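Data first, discussion second: the structure below is written as structure tokens.
The sequence lines fix the lettering, A, B, ..., with proteins before strands; numbering per chain opens at 1. Only this structure's heavy atoms are used, side chains among them; waters, hydrogens and symmetry mates stay out.
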Amino acid sequence: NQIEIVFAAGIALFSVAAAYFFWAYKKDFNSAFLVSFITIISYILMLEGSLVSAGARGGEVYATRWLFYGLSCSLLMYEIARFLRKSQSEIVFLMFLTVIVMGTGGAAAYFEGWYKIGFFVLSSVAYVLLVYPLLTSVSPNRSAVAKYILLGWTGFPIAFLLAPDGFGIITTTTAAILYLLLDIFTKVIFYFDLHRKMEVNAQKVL
Amino acid sequence: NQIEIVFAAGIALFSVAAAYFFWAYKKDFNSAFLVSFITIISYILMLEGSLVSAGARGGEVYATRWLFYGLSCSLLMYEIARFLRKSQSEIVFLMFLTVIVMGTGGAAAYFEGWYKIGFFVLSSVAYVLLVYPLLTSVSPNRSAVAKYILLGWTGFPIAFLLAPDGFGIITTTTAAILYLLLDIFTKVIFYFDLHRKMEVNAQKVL
Amino acid sequence: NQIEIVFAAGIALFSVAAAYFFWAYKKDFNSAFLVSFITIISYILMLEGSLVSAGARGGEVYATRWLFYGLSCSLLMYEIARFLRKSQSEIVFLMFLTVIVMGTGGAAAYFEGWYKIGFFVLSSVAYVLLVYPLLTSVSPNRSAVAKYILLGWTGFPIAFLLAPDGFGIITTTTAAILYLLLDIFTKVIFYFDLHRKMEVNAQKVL
Ligand SMILES: *C/C=C(C)/C=C/C=C(C)/C=C/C1=C(C)CCCC1(C)C
Ligand SMILES: *C/C=C(C)/C=C/C=C(C)/C=C/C1=C(C)CCCC1(C)C
Ligand SMILES: *C/C=C(C)/C=C/C=C(C)/C=C/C1=C(C)CCCC1(C)C
Ligand SMILES: CCCCCCCCCCCC
Ligand SMILES: CCCCCCCCCCCC
Ligand SMILES: CCCCCCCCCCCC
Ligand SMILES: CCCCCCCCCCCC
Ligand SMILES: CCCCCCCCCCCC
Ligand SMILES: CCCCCCCCCCCC
Ligand SMILES: CCCCCCCCCCCC
Ligand SMILES: CCCCCCCCCCCC
Ligand SMILES: CCCCCCCCCCCC
Ligand SMILES: CCCCCCCCCCCC
Ligand SMILES: CCCCCCCCCCCC
Ligand SMILES: CCCCCCCCCCCC
Ligand SMILES: CCCCCC
Ligand SMILES: CCCCCC
Ligand SMILES: CCCCCC
């Protein structure tokens, strides 16, 4: 129905994003390229539709989006935590909480009843412990990254609760469109805005 | 039947353990918190029961316990190997053997016939090569960690063979109770006993 | 039929290879041992046959071979990239492209229609970006590794297209035999030829 158009739009946008990020940025470790490329793979699988599950109020759930975030958001968390000049051990810790948040989030979306509630509570506890050291960072770059944590990262659990993954108050297509806007904001706009600042900060403490 | 009570007990204990370890320990990389948190996730999945398989002598197998160990026991092996002051390259090697041991162990538990035997032999070869450099460590902390390798880590393959994962000589609930006691010993008591020693050793070679 | 003999041959050869590599090489991080050991696990699963899927022209596909390559070829890429003295950040980048190439390759093999084509194109783009920095390396070891990239690594996508994973022009058993020869060349002969050179190069920039 309309959902294939949402997924097809995500494949095209992140294919353009991955192509730009590779050519425009330095030919070395390119997190921006890897994040968009992983997202392309995730949208193709969601478009194939073999991994769709029943959601709330007659909606559907694509829990593999949450599993692919664990790989792509750990790369984002690496850039974010390094931008705030967290210690190496704190970076490793935050990247683990991110994998935990997405992993339990996919389980919360796929399962039902008290298991959806329990996995959501666990994922939100790990999320609270993930963003607390970032929102209270003494770094001067803290305000520059709070816009992406508060608007983008925290928009997903809210979308989750409204989507068929949670209470199913919005339909599956509306959730996919809102997920896509959140993806563009946290994966593409995030680099258009902060790449050079992150690049300069990284050539000074490495 | 009685097994849900065993899994519910594990969820409550490791939720208390994860809560204590986070608040009591330093607000940086907390392996003790991550190990217990991962174990909570594993026990909820086992309690949901969608990933249960037929075992030996009419028992059942929860092979995802073994897959989740590959993530949580690699964190334990990191602390153990660093405590014995293994080289960084030896630490990376041991963490790989741990993932191999748990991964092949989950396959041994899930499959039957000569494949259970073959996967068990492979997992035990990798296990022998994993613990040999630890039991013969020249570190003075070697005796302090041998109690957990011999009593706790080596108790799992013995429990495996008795459980429905192996010959099914004990029932599924008895195996779950014995697994839970082994979990508490190797994941919780391990830190009550060795945290400060490991913390002091780590602030001296890092 | 004949395919079990191909898989049984792979189990025996890599069991001999893993046994030799462990005993002959230094008792520290042994990539050669880990690569062969992982390959043993992969061939046993393929021999068990629960993860076989329908292929092209009545052939079959064992897509888990491609998923296990993502773990074992990242170890090979680590040795290759370190041998060419790539920077640490470039090594991490190449190991990610390898996981992407194998991951999308398993999806290309498992799915059909435009999804097989799309996943193949994505996997080949990531493959082109993976081998370009290696084939144009200014390292003097570049020619010593180009034989394995061109003959061995690039033989897999060609075999893929001929195998039931692609167009199904060759049968499943012929593909398995050709996969096995490629495995022996890139995983075993690769170390018989380059171990000491790689060992000496590694004791000079570490
Ligand atoms: C590119 C994708 C990004 C940055 C996604 C971030 C996603 C989250 C922070 C999701 C968080 C969730 C919770 C906070 C708990 C409930 C379930 C989740 C996974 C939606
Ligand atoms: C928190 C969990 C820990 C420390 C678990 C350790 C588990 C093992 C060492 C399991 C070992 C096994 C073998 C030695 C081979 C047979 C199968 C296994 C996986 C049970
Ligand atoms: C031990 C195994 C090795 C070194 C395997 C390497 C495999 C590849 C480079 C496979 C590449 C593929 C492509 C280039 C795209 C099409 C699908 C693949 C996965 C076969
Ligand atoms: C210098 C760049 C290092 C980047 C390391 C990122 C590691 C990502 C691991 C994600 C595991 C899910
Ligand atoms: C489509 C099925 C998704 C179920 C989620 C799997 C559970 C992953 C937990 C990861 C915890 C680190
Ligand atoms: C029908 C039984 C449902 C059990 C739900 C598990 C609750 C997990 C809570 C995790 C947070 C402590
Ligand atoms: C015809 C359906 C359109 C639904 C679009 C939902 C997009 C939500 C955007 C929320 C703005 C922050
Ligand atoms: C300083 C703390 C570093 C801890 C690194 C642990 C990495 C765990 C990887 C487990 C992979 C299964
Ligand atoms: C529930 C199915 C469990 C089967 C085990 C999967 C095989 C994992 C092998 C990992 C080797 C590193
Ligand atoms: C029916 C055929 C069963 C084949 C069992 C595989 C044996 C694997 C042995 C691994 C250790 C060398
Ligand atoms: C009523 C069933 C109780 C079974 C409890 C088994 C616990 C085994 C403990 C072994 C002590 C080391
Ligand atoms: C000194 C040896 C370090 C080897 C690091 C290899 C890491 C492999 C990760 C593969 C992830 C799929
Ligand atoms: C047997 C099913 C194989 C399907 C392939 C799974 C997709 C893995 C994508 C990994 C991308 C990093
Ligand atoms: C840009 C490369 C990825 C192209 C993915 C194509 C997806 C196929 C859609 C098939 C619709 C029936
Ligand atoms: C009886 C079937 C034998 C098929 C063997 C195929 C092996 C292909 C080798 C290609 C040489 C590079
Ligand atoms: C088929 C689901 C794959 C998810 C890998 C993160
Ligand atoms: C559904 C099984 C998940 C296991 C991840 C380690
Ligand atoms: C059952 C498939 C396991 C693949 C792990 C790489």
Side-chain angles (χ1 to χ4, degrees), chain B residues 51 53-54 61 63 66-67 70-71 74 77-78 81-82 84-139, chain C residues 4 7-8 10-12 14-52 64 67-68 70-76 78-79 82 88 91-92 95 99 198-199 201-203 205-206:
Chain B
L51 300 151
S53 95
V61 151
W66 307 117
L67 295 192
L71 176 55
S74 316
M77 183 55 57
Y78 167 75
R82 183 175 71 161
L84 302 177
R85 294 193 181 175
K86 298 295 183 170
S87 85
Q88 182 176 130
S89 70
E90 175 82 316
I91 297 172
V92 183
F93 189 69
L94 294 176
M95 295 197 299
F96 254 96
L97 288 182
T98 298
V99 175
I100 289 171
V101 167
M102 311 311 164
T104 41
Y110 177 78
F111 294 108
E112 320 193 1
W114 286 112
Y115 298 102
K116 177 188 303 301
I117 294 178
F119 278 133
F120 192 97
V121 167
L122 272 191
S123 192
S124 323
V125 169
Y127 182 68
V128 161
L129 302 183
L130 170 56
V131 296
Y132 187 91
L134 307 159
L135 301 178
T136 63
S137 173
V138 298
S139 178
Chain C
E4 293 177 350
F7 295 149
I11 297 166
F14 286 101
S15 308
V16 174
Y20 165 78
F21 285 138
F22 177 81
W23 289 107
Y25 292 175
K26 79 190 43 141
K27 301 313 168 288
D28 211 286
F29 191 77
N30 198 336
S31 37
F33 166 78
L34 293 173
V35 172
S36 284
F37 205 93
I38 292 159
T39 306
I40 301 162
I41 306 161
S42 173
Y43 270 100
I44 303 181
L45 278 174
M46 290 197 302
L47 176 62
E48 196 275 326
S50 294
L51 300 151
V52 199
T64 77
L67 295 192
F68 274 101
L71 176 55
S72 73
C73 299
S74 316
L75 290 178
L76 288 171
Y78 167 75
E79 295 286 350
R82 183 175 71 161
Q88 182 176 130
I91 297 172
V92 183
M95 295 197 299
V99 175
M198 285 187 308
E199 163 210 89
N201 169 80
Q203 284 166 11
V205 289
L206 272 316

Cut-off 4.5 Å, heavy atoms of chain B, and the answer for C/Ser15 is neither

message: Students often mix this up, so state it plainly: with edges at 30° and 60°, are the rings of B/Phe93 and C/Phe29 parallel, tilted or perpendicular?
response: perpendicular

So, the part of B/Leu94 with a heavy atom under 4.5 Å from chain C: the answer is neither

Point to revise | Portion of B/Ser89 that has a non-hydrogen atom of chain C nearer than 4.5 angstrom | key: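 Both parts, backbone and side chain.
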
Margin query: Can you tell me if C/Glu199 has over 12 outside heavy atoms packed within less than 6.0 Å of its CD?
Written below: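 Atom CD in C/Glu199 is packed in, count exceeds 12.
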
Report the distance from atom [atom1] of [X] to atom [atom2] of [Y], rounding to the nearest 0.5 Å.
| X | Y | atom1 | atom2 | answer |
| --- | --- | --- | --- | --- |
| C/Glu48 | B/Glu112 | CD | CD | 9.0 Å |
| B/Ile100 | C/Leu71 | CD1 | CG | 7.5 Å |
| C/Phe22 | B/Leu129 | CZ | CG | 4.0 Å |

### Working for side-chain contact (heavy atoms from CB on, under 4.5 Å), residues B/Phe119 and C/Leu45
CA-CA 10 Å; B/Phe119 278 133; C/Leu45 278 174; 4.0 Å; yes

Nearest heavy-atom contact between C/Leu47 and B/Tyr115 is O-OH, 3.4 Å

Closest non-hydrogen atoms of C/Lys27 and B/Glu90, given as atom of the first, atom of the second and distance, are O-OE1, 4.5 Å

Quick one, B/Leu122 and C/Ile44 - any side-chain contact, counting heavy atoms below 4.5 Å? yes

